[PDB]
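Peer 1: Mind folding the following:
(3 chains, ligands or ions: 2)
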Amino acid sequence: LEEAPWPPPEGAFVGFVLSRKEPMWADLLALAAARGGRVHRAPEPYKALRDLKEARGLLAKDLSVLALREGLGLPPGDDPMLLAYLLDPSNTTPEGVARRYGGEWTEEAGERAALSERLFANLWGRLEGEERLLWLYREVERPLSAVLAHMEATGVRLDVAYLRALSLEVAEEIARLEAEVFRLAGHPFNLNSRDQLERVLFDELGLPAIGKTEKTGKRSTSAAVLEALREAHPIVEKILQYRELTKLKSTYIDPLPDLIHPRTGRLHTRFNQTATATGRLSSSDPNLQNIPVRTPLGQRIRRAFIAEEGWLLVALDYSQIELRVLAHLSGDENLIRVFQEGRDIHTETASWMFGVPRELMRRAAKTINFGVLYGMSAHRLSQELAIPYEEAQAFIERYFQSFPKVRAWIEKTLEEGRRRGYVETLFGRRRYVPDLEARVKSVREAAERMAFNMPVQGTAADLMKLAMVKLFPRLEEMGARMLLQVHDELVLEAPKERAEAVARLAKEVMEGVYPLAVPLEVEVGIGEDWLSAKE
DNA sequence: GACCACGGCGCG
DNA sequence: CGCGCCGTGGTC
Ligand SMILES: Nc1nc2c(ncn2[C@H]2CC[C@@H](COP(=O)(O)OP(=O)(O)OP(=O)(O)O)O2)c(=O)[nH]1
Ligand code: NA
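Peer 2: Numbers count the residues shown, from 1 in each chain, chains lettered A, B, ... in the order given. Ligands and ions are numbered 1, 2, ... in the order given. Next comes the structure:
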């Protein structure tokens, strides 16, 4: 709160103002610093940027990303946001955080610098006495912020011409399905309009309405509703296909090419470190954590993501990590034994109900393995397996019969969650879940599903994060790059010659990130594009 | 032009 | 379960 001349003393909190949220696209409008309750404002932000040794303050990573964009090696350090997020993962934004801990998120650089100063004091003290949250802050989050800033700055290479040609071809098939749909409907309408489609399917045609939408009570035309009506009329199959194509064209095929950065010639996403309730990362502007892969047209989209000339992509995927985290968290002997014997759990579980061994269909034990994690209901299983309701309800009983200890863990977690109001990851990351004692059943049980899923999902996020932190330094040694993280997968790019060495290494670092009662298995692939590298 | 709620859907 | 983005339909 004192007007001192730039530059600031070593180790001062910074407050910057950008023209827009994306650091890679943003103009730097103002720069300021605060140390010993004193504020300095820079005459010219870009020039003044070279003064700093490290970025400490609210949203440090963003300022570090922009610095790297300008060739400056300014690493991010302390960020009160990371502290607030560890106290309570509902602390996602500075607007929300400042308000909560005695400040006001402004649009001026100095006020932000001072907000960053006092907000760090208040929070760091709240953290003293929290051994395990401090270990996460120091050993995972703070260091991770730096790794992410390097991924954001690097970006990934995109095959623009390929997507541009794929757009024209996908456009022709869309015009095709549209013409057929119109015909089967006797007239044209906006097929992208959910409301107009509803009137056509259920009112003009005679089709039966299966379900209603949550907020407004309209008759749903969701995929789930259509797949059910799949044989009740030919038009719905043409519509499911039209949905797929228009979803992928408007979300990926069309907007991605226009997002290539001029200076880099690559595609840059943002890795949000303070966004989720479980401790996962999120990706935005654009979201690269949800690039299509499950359909044939999706796979054609992944081919667009390529390695620079002379480089290769290295794709590393943890196999069934959440399941293994569950085996470790619960202590289930039969579950542990599966991963211990190094035998395929899905076949293995499809032999606790059928065999054993290989002798119920694969995705039958698979859909349920994925389902126990979310608290999936019997009815939800029926639809996802095209199976009678009572066959789904029984498929779920043979599970808790085979692996009893998971049920005991679910119960234990809920009980303790009710007692102290939060649940924890293996490392102590917590999420406050208050509705565990709500008096409305639907509300209480929803809270319960968020509650016991979190320690699992959040522990896998912790394992992946720590793995990124340990892998980054080793990669920089071999002149390799970290490009993307997709929750339980990493994409790196490496020089053609070192590629295989980078793949063997990264695998070991990820597999030994943190030994559990069960081994961690990683699948690696190398290739000229994301689809090649995967598999 | 910005922003919003909604339904709907892509990924893990 | 956990995210982020799309078009539609709409306000300011
Ligand atoms: N495909 C799919 N993945 C999900 C779903 N819900 C969560 N996930 C996450 C968990 C793991 C990750 C990838 O799962 P995979 O398809 O690789 O499962 P997998 O064990 O490798 O199957 P497989 O052994 O047949 O290759 O996606 C879902 O509904 N579908
Ligand atoms: Na930061």
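
Peer 1: is it fair to say residue A:471 lies in a helix?
Peer 2: Yes: secondary structure assignment places residue A:471 in a helix (DSSP: H, G, I helix; E, B strand; the rest coil).

Peer 1: And the spatially closest residue to it that is not a sequence neighbour, which helix or strand is it part of?
Peer 2: The shortest distance from residue A:471 to any residue other than its chain neighbours is 4.7 Å, reached at residue A:509 (Cβ to Cβ, 6 or more residues apart in numbering). Just so you know, the C-beta spots here come from the backbone N, C-alpha and C atoms, and that holds for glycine as well. With the criterion set as DSSP states H and E, the secondary-structure element containing residue A:509 is helix A:499-511.

Peer 1: Just after that helix, pick out the following helix or strand.
Peer 2: Along the chain past helix A:499-511, the next helix or strand (assigned with DSSP H and E) turns out to be strand A:522-527.

Peer 1: Would you mind pulling the contact partners of that following strand?
Peer 2: Judged by Cβ atoms under 8 Å, 6 or more residues apart in numbering, the contacts made with strand A:522-527 from elsewhere in the structure are A:307, A:312-319, A:499-500, A:503, A:506-507, A:510-511, A:532-535.

Peer 1: Would you enumerate the residues in contact with the residue nearest the centre of chain A?
Peer 2: By Cα atoms, centre = their mean, the mean C-alpha position of chain A lies nearest to residue A:282, the distance being 4.1 Å. Taking Cβ under 8 Å, 6+ apart as the definition of contact, the neighbours of residue A:282 are A:271-272, A:275-276, A:289.

Peer 1: switch to 7 Å and redo it
Peer 2: Counting by Cβ atoms under 7 Å, 6 or more residues apart in numbering, residue A:282 makes contact with A:272, A:275-276.

Peer 1: between these, which has the most around it?
Peer 2: Neighbours here mean other Cβ atoms under 10 Å. Within the contacts of residue A:282, the largest count is held by residue A:276, at 18 neighbours.

Peer 1: For that residue, which non-adjacent residue is spatially closest?
Peer 2: Across the structure, with Cβ to Cβ, 6+ apart as the measure, the residue nearest residue A:276 apart from its sequence neighbours is residue A:282 (5.7 Å).

Peer 1: Look up how far residue A:318 lies from that neighbour.
Peer 2: When Cβ to Cβ, to the nearest Å is the yardstick, residue A:282 and residue A:318 sit 18 Å from each other.

Peer 1: Equivalent analysis for residue A:50, please.
Peer 2: Taking Cβ to Cβ as the measure, residue A:50 and residue A:318 are separated by 40 Å.

Peer 1: more crowded one of those two?
Peer 2: For residue A:50 against residue A:318, the residue with the higher neighbour count under other Cβ under 10 Å is residue A:318, and the figures read 23 against 12.

Peer 1: who's in contact with that one?
Peer 2: Residues A:488, A:510, A:520, A:522 are the ones in contact with residue A:318 under the rule Cβ under 7 Å, 6+ apart.

Peer 1: Residue A:514 too?
Peer 2: For residue A:514, the contacting residues are A:463, A:466, taking Cβ under 7 Å, 6+ apart as the criterion.

Peer 1: Which residue ranges of the stretch 201-350 of chain A form strands?
Peer 2: Assigned by DSSP state E, counting those that start in this stretch, the stretch 201-350 of chain A shows strands spanning A:270-272, A:282-284, A:305-306, A:311-318.

Peer 1: With neighbour count added, can I get the contacts of residue A:318 in CSV?
Peer 2: Listed next are these as CSV, based on neighbours: other Cβ atoms under 10 Å:
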residue, neighbour count
A:488, 19
A:510, 25
A:520, 21
A:522, 21
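
Peer 1: quick one, strands of the stretch 1-150 of chain A?
Peer 2: Across the stretch 1-150 of chain A, reading from the start of the chain, the strands by DSSP E, counting those that start in this stretch fall at A:3-5, A:13-18, A:28-34, A:39-41.

Peer 1: Tell me which of these sits nearest to DNA strand B.
Peer 2: With respect to DNA strand B, and counting by Cβ to the nearest atom of the strand, the nearest of those is strand A:13-18 at 13.7 Å.

Peer 1: Flag every residue of the stretch 351-500 of chain A that's near DNA strand B.
Peer 2: Within reach of DNA strand B by Cβ under 7 Å from any atom of the strand, the stretch 351-500 of chain A has these residues: A:457, A:486-489.

Peer 1: please redo it, this time with the cut-off set to 6 Å
Peer 2: Remark: the part of the stretch 351-500 of chain A in contact with DNA strand B comprises A:486-488, using Cβ under 6 Å from any atom of the strand.

Peer 1: Surely residue A:235 and residue A:184 touch.
Peer 2: Yes: under the criterion of Cβ atoms under 7 Å, residue A:235 is in contact with residue A:184, at a separation of 4.3 Å.

Peer 1: neighbour count winner among those two?
Peer 2: Neighbours of residue A:235 and residue A:184, each counted by other Cβ under 10 Å, are more numerous for residue A:235; the result is 19 against 15.

Peer 1: I'd like the distance between that one and residue A:173.
Peer 2: Computed as Cβ to Cβ, the residue A:235 to residue A:173 distance reads 17 Å.

Peer 1: same question, residue A:11
Peer 2: Distance, residue A:11 to residue A:173, using Cβ to Cβ: 59 Å.

Peer 1: again with residue A:497
Peer 2: For residue A:497, the distance to residue A:173 (Cβ to Cβ) stands at 41 Å.

Peer 1: Kindly report the same for residue A:191.
Peer 2: The spacing between residue A:191 and residue A:173, counted by Cβ to Cβ, is 14 Å.

Peer 1: and these two? which has more neighbours close in?
Peer 2: Between residue A:191 and residue A:173, counting by other Cβ under 10 Å, residue A:191 is the more crowded of the two (20 against 14).

Peer 1: can you tell me the residue of the stretch 51-200 of chain A closest to DNA strand B?
Peer 2: Sorted by distance to DNA strand B under Cβ to the nearest atom of the strand, the residues of the stretch 51-200 of chain A start with residue A:194, at 4.7 Å.

Peer 1: How many residues are close by the closest residue to that residue other than its chain neighbours?
Peer 2: With sequence-adjacent residues excluded and distances taken as Cβ to Cβ, 6+ apart, residue A:194 is closest to residue A:221, at 5.8 Å. By the other Cβ under 10 Å criterion, the neighbourhood of residue A:221 contains 25 residues.

Peer 1: same thing with the one 3 residues further on?
Peer 2: Burial of residue A:224, expressed as a neighbour count using other Cβ under 10 Å, amounts to 13.

Peer 1: what's it in contact with, if anything?
Peer 2: Counting by Cβ under 7 Å, 6+ apart, residue A:224 makes contact with residue A:383.

Peer 1: do the same with residue A:402
Peer 2: With contacts defined as Cβ under 7 Å, 6+ apart, residue A:402 is in contact with A:334, A:349, A:352.

Peer 1: ditto for residue A:220
Peer 2: Neighbour list for residue A:220: A:211-213 [criterion: Cβ under 7 Å, 6+ apart].

Peer 1: For residue A:157, see how far away it is.
Peer 2: For residue A:220, the distance to residue A:157 equals 40 Å [Cβ to Cβ].

Peer 1: swap in residue A:29?
Peer 2: Note on residue A:29: its distance to residue A:157, by Cβ to Cβ, is 30 Å.

Peer 1: More neighbours: these two, which one.
Peer 2: Residue environment comparison for residue A:29 versus residue A:157 gives the larger neighbour count to residue A:157, 22 against 13, counting by other Cβ under 10 Å.

Peer 1: is stretch A:392-412 anywhere near DNA strand C?
Peer 2: No: contact between stretch A:392-412 and DNA strand C is absent, the nearest approach being 12.6 Å (criterion: Cβ under 6 Å from any atom of the strand).

Peer 1: Any buried residues in that stretch, and which?
Peer 2: When neighbours are counted by 16 or more other Cβ atoms under 10 Å, the buried residues of stretch A:392-412 are found to be A:392, A:395-396, A:398-399, A:402-403, A:405-406, A:409-410.

Peer 1: Flag every residue of chain A that's near DNA strand B.
Peer 2: Residues of chain A lying close to DNA strand B (Cβ under 6 Å from any atom of the strand) are A:194, A:213-216, A:218, A:220-223, A:243-244, A:247, A:290, A:292-294, A:298, A:486-488.
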